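Below you'll find only one chain, the form deposited in one PDB entry, shown as structure tokens.
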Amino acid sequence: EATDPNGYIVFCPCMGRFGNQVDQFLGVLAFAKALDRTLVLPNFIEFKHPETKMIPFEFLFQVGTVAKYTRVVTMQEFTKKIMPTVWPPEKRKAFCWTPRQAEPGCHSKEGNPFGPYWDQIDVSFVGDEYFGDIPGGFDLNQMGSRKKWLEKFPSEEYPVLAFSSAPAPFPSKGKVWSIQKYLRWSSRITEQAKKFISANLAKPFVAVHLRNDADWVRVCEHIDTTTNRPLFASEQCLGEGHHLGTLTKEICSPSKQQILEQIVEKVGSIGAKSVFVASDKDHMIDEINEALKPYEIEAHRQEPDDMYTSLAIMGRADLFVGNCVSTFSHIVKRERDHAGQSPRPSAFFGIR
């Protein structure tokens, strides 16, 4: 019915894959609340055979729950009710930090997933706006920055702030992690997880995330122990600014030997009766089963490995062993920390 007189934020989760998108989305939630505009829930993005698939927020997560954090609308609602009445085509401007080259601009629809995401909701942009000139950019907790935002893009002139990418830092700040208390798997996904667990995973079970597709080597080449800077999600196991210790290649990219040894250790730590493995490539089922044979238990995977059901299963594990650098693992860690009545235990490869 009524539309928000403070205006709206819509954005493309245009950086990285699902872990990346969620990580920034928590920040966008914090941003929308502080600014006090209603957030249009994004379509998440999945890169497949030839196509870029936009996934409705509500296919993955419950709107009811996220609405307990801040004012939200589904993309379906935005497209049907809000856009036709508050955001006519002549007012559709894109927002980004600073102009860049392909005439310099936001280039909000150049390439993949940029073009397809906006095509999905029949948005073409008629002009660009920049916010990078505001001191502290999208950090609304810098004194004066919020006032400056409301001065530069008032809701009367700009009913919809439409961002080329998430208006949030990457990696996420520690202060926003607990916001994923407000992300709850759709019933569909939770039921797929529950069925796999009851059929295949005698309790208590250890769930492990094996991050090992071809893009990972380069990720872990980033590690230099002398400077010990945060790398993607590493602060999830080493604390903000790595106050707990040193990021190592053993943490980022454990060897097969190290993986098997630590699975065995974690099985023994809980008297586990089964192991679940989620992986982007090599689930190591044969190697793990061989390593677990003296202990008369097995490892199990989904066939095929659906990334969302996999995250949900790892969230329900008695013990989760994740990859500390991975933002995909970070989703599980944050669910285990914040989703429930009380926190459920997590561990990571290479960290004591």
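For clarity, a rigid core is taken as the largest C-alpha set superposing within 1.5 Å between two forms. A residue's number is simply how far along the shown sequence it sits, counting from 1.
**Student:** Count up the deposited residues without coordinates from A199 to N200 and drop the result into none, 1 to 3, 4 to 9, or 10 or more.
**Tutor:** Count of unmodelled residues in between: none.
**Student:** Between 258-266 and 235-243, which has the larger average Cα B-factor in the PDB entry?
**Tutor:** For C-alpha atoms only, the mean B-factor is higher in 235-243.
**Student:** Using only the Cα atoms and their B-factors as the entry lists them, report which of 37-45 and 313-321 averages higher.
**Tutor:** Stretch with the higher mean C-alpha B-factor: 37-45.
**Student:** Looking at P204, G174, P230, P135, which has the highest CA B-factor as recorded?
**Tutor:** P135 has the highest C-alpha B-factor of those listed.
**Student:** Sorting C12, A339, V332, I9 by Cα temperature factor from the record, which one lands on top?
**Tutor:** Of the candidates given, the C-alpha B-factor peaks at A339.
**Student:** According to the PDB entry, is the CA B factor of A278 in the bottom, middle or top third of its chain, that is, lowest, middle or highest?
**Tutor:** It belongs to the lowest third of the chain when residues are ordered by C-alpha B-factor.
**Student:** Lowest, middle or highest third: where is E191 by Cα B-factor in its chain?
**Tutor:** Middle third.
**Student:** What third of its chain's C-alpha B-factors does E221 belong to: lowest, middle or highest?
**Tutor:** According to the entry, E221 has a C-alpha B-factor in the chain's highest third.
**Student:** C-alpha B factor of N212, ranked within the chain: lowest, middle or highest third?
**Tutor:** Within its chain, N212 is a lowest-third residue by C-alpha B-factor, going by the deposited values.
**Student:** Based on the entry's values, in what third of the chain does the Cα temperature factor of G64 lie: lowest, middle or highest?
**Tutor:** For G64, whose C-alpha B-factor we compare with every modelled residue in the chain, the answer is the middle third.
Another form, the form deposited in another entry, is not on view; read the next lines as being about it.
**Student:** Of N141, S124, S178, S187, which is the single residue whose C-alpha shifts by 2 angstroms or more between the shown form and the other one after core superposition?
**Tutor:** Single hit from the list, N141.
**Student:** Rigid core superposed, CA of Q76 - does it shift 2 Å or more between the shown form and the other one?
**Tutor:** No, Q76 moves less than 2 Å.
**Student:** I want to check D224: does it shift between the shown form and the other one by 2 Å or more at the Cα, with the core superposed?
**Tutor:** Yes, the C-alpha moves 2 Å or more.
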